[PDB]
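FYI, side chains are in, hydrogens and waters are out, and symmetry mates aren't considered; it's all heavy atoms of this structure. Residue numbers begin at 1 in each chain, while the letters A, B, ... track the order of the sequences.
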Amino acid sequence: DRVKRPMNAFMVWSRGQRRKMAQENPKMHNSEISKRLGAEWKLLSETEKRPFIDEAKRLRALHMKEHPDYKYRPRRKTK
Amino acid sequence: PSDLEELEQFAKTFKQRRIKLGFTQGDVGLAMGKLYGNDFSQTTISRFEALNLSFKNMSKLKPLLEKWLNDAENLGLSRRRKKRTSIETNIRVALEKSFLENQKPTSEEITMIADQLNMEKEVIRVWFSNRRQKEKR
DNA sequence: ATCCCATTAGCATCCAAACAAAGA
DNA sequence: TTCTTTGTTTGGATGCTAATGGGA
């Protein structure tokens, strides 16, 4: 299988709100959701973010342990 | 069949064929290393792919890049160039001052300046030549 | 040898692409 | 594939100039 990128603080946090907005407000597109979470996040205090930034660290550590040789290789799509 | 249009079409062709193999500009330059006794920087590959080299320079790399691409789609001596090394800031200012006193230091002066700045003769020699260039512009 | 300077070529740097999540 | 966000990493672009070629 292909190795995904580890989640950053924002991706971890948004993962939460995503449901608490998607189920709460269906028929709404992830696009609009992302836009919203986006805005909400840039409004959190370094103290409100701290736990997700911290959990992101562990996820990053977890990723290396489970993929010691993984190197991110984004490939310029064909176009 | 114009010299320039072929060269023009090869850079485009080359690039597509390059991205196809999921190959980085840096990987190709790296691969040229093994092949020709000198690596080629990412900078050079990018300029080549974008028509940013001289006509002369491009025409010369075409063959090397072409051979490599084919060999890859299927699947008293000379010296390897000196690595490029930056002139630290403090040295830059000193060399900069010496240049003001005069732009044509002699061999021993060059040896002296270098010895004083704990730099390689040759590098200092080359710097006065290049800085003399930057001047006349 | 030297020395000279038109050419060639890359370090440093910076910007924009890719991508994780999710699932319409 | 796209649609969207942030954050992170990496690819690619590019100034400046270092280093080379080879003539004389």
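Remark: B/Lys82 NZ is packed, more than 12 non-hydrogen atoms of other residues, nucleotides or ligands lying under 6.0 Å away. For CE of B/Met112, the number of neighbouring non-hydrogen atoms (other residues, nucleotides, ligands) closer than 6.0 Å is 12 at most. Shown here is B/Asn74, whose CG atom has more than 12 heavy atoms of other residues, nucleotides or ligands within 6.0 Å.
Within residues 46-60 of chain B, the residues that place at least one heavy atom under 4.0 Å from DNA chain C are, in residue-number order, B/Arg47, B/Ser54, B/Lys56, B/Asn57. Of all the residues in residues 77-96 of chain B, B/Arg81, B/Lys83, B/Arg84, B/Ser86 reach under 4.0 Å from DNA chain C with at least one non-hydrogen atom.
The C1'-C2'-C3'-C4' dihedral of C/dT2 is negative. Its furanose therefore counts as south. In D/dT8, the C1'-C2'-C3'-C4' torsion is positive, which places the sugar in the north family. South puckering is assigned to the sugar ring of C/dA6, since its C1'-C2'-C3'-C4' angle is below zero. With its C1'-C2'-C3'-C4' torsion above zero, D/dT14 shows a north sugar pucker. The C1'-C2'-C3'-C4' torsion of C/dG23 is negative, so its sugar falls on the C2'-endo, or south, side.
Counting only heavy atoms from C-beta on, B/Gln25 has its side chain closest to D/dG12 among C/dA20, D/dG12, C/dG10. Here the side chain of A/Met11 is nearest to one of C/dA21, D/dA19, D/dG12, namely C/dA21. Residue B/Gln133 has its side chain nearest to C/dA6 when only C/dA6, C/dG10, D/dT4 are considered. You'll find that the side chain of A/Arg5 is closest to C/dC19, out of D/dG12, D/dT6, C/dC19. With C/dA9, C/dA22, C/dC5 as the candidates, the nucleotide lying closest to the side chain of B/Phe40 is C/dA9. When the nucleotides C/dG23, C/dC5, D/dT9 are ranked by their closest atom to the side chain of A/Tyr72, D/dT9 comes out on top.
Relative to the ring axis of B/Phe128, B/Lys104 does not place its NZ or CZ within 45° and under 6.0 Å from the centre.
Taking atom NZ of B/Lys121 as the reference point, atom P of C/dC3 lies 13 Å away to the nearest angstrom. Look at CG on A/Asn8: it is 18 Å from P on C/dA18, rounded to the nearest Å. Here C/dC4 presents its P atom at 13 Å from CZ of B/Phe128, a figure rounded to the nearest Å. Atom CG in A/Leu37 sits about 19 Å away from atom P in D/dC3, given to the nearest Å. A/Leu59 places its CG atom 15 Å from the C1' atom of D/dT6, with the value rounded to the nearest Å. Atom-to-atom, CD1 of B/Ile45 to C1' of D/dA13 comes out at 14 Å; the value is rounded to the nearest Å. Counting to the nearest Å, the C1' atom of C/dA24 and the CE atom of A/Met28 are 13 Å from each other. Straight-line distance from the CG atom of A/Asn30 to the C1' atom of D/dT6: 15 Å, rounded to whole Å.
On a pure distance criterion of 3.5 Å, a polar donor-acceptor pair joins the side chain of B/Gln42 and the base of D/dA13. A donor N or O paired with an acceptor N or O is not found under 3.5 Å between the base of C/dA17 and the side-chain atoms of A/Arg76.
With a ring-centre distance below 5.5 Å and an interplanar angle below 30°, C/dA22 is stacked on C/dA21.
One finds the CZ atom of B/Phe99 at 9.5 Å from the NZ atom of B/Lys134 (value rounded to the nearest 0.5 Å).
Side-chain nitrogen and oxygen atoms of A/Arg75 include at least one within less than 4.0 Å of the OP1 or OP2 phosphate oxygen of D/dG11. OP1 or OP2 of D/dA18 lies within a sub-4.0 Å distance of a side-chain N or O belonging to B/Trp127. Between A/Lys35 and the phosphate of D/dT4, there is a side-chain N or O to OP1/OP2 separation shorter than 4.0 Å. For A/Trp13, no side-chain nitrogen or oxygen approaches OP1 or OP2 of D/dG7 to under 4.0 Å. For C/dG10, the OP1/OP2 oxygens have no side-chain nitrogen or oxygen of B/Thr43 closer than 4.0 Å. Side-chain nitrogen and oxygen atoms of A/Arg2 include at least one within less than 4.0 Å of the OP1 or OP2 phosphate oxygen of C/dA20. Between B/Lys134 and D/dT17, a side-chain N or O to OP1/OP2 separation shorter than 4.0 Å is present. Residue B/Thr44 places at least one side-chain N or O closer than 4.0 Å to OP1 or OP2 of C/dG10.
With B/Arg132 contributing its side chain and B/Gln103 its backbone, the two residues share a donor-acceptor pair below 3.5 Å. Side chain of A/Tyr70 to main chain of A/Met64: no donor-acceptor pair is present (N/O by atom type, distance under 3.5 Å, no hydrogens or angles). Counting only distance, with no hydrogens or angles, the side chain of B/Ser46 and the backbone of B/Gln42 share no donor-acceptor pair below 3.5 Å. Between the B/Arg18 side chain and the B/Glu49 main chain, no donor and acceptor come within less than 3.5 Å of each other. The backbone N or O of A/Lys4 sits less than 3.5 Å from a side-chain atom of A/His63, completing a donor-acceptor pair. Remark: side-chain polar atoms of A/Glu55 are not paired, donor with acceptor, to backbone N or O of A/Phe52 under 3.5 angstrom. Judged by distance alone, with hydrogens and angles left aside, the side-chain atoms of A/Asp54 form no donor-acceptor pair with the main-chain N or O of A/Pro51 at under 3.5 Å.
Using a 4.0 Å heavy-atom distance criterion, B/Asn38 is classed as making no nucleic acid contact. Residue contacts for A/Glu32: at a heavy-atom cut-off of 4.0 Å it reaches no nucleic acid atom on any strand shown.
The base-pairing partner of D/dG12, taking Watson-Crick or G-U wobble contacts with both distances under 3.5 Å, is C/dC14.
If you take atom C1' in C/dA1 and the same atom in D/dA18, they sit 24 Å apart, rounded to whole Å.
For A/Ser34, base contacts fall in the minor groove; the major groove has no atom under 5.0 Å of its side chain.
Under the 30°/60° scheme for interplanar angles, the aromatic rings of B/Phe14 and B/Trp68 are found to be tilted.
Where A/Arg36 and A/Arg60 each meet DNA chain D at their nearest nucleotide, the meeting point lying more 5' is that of A/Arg36.
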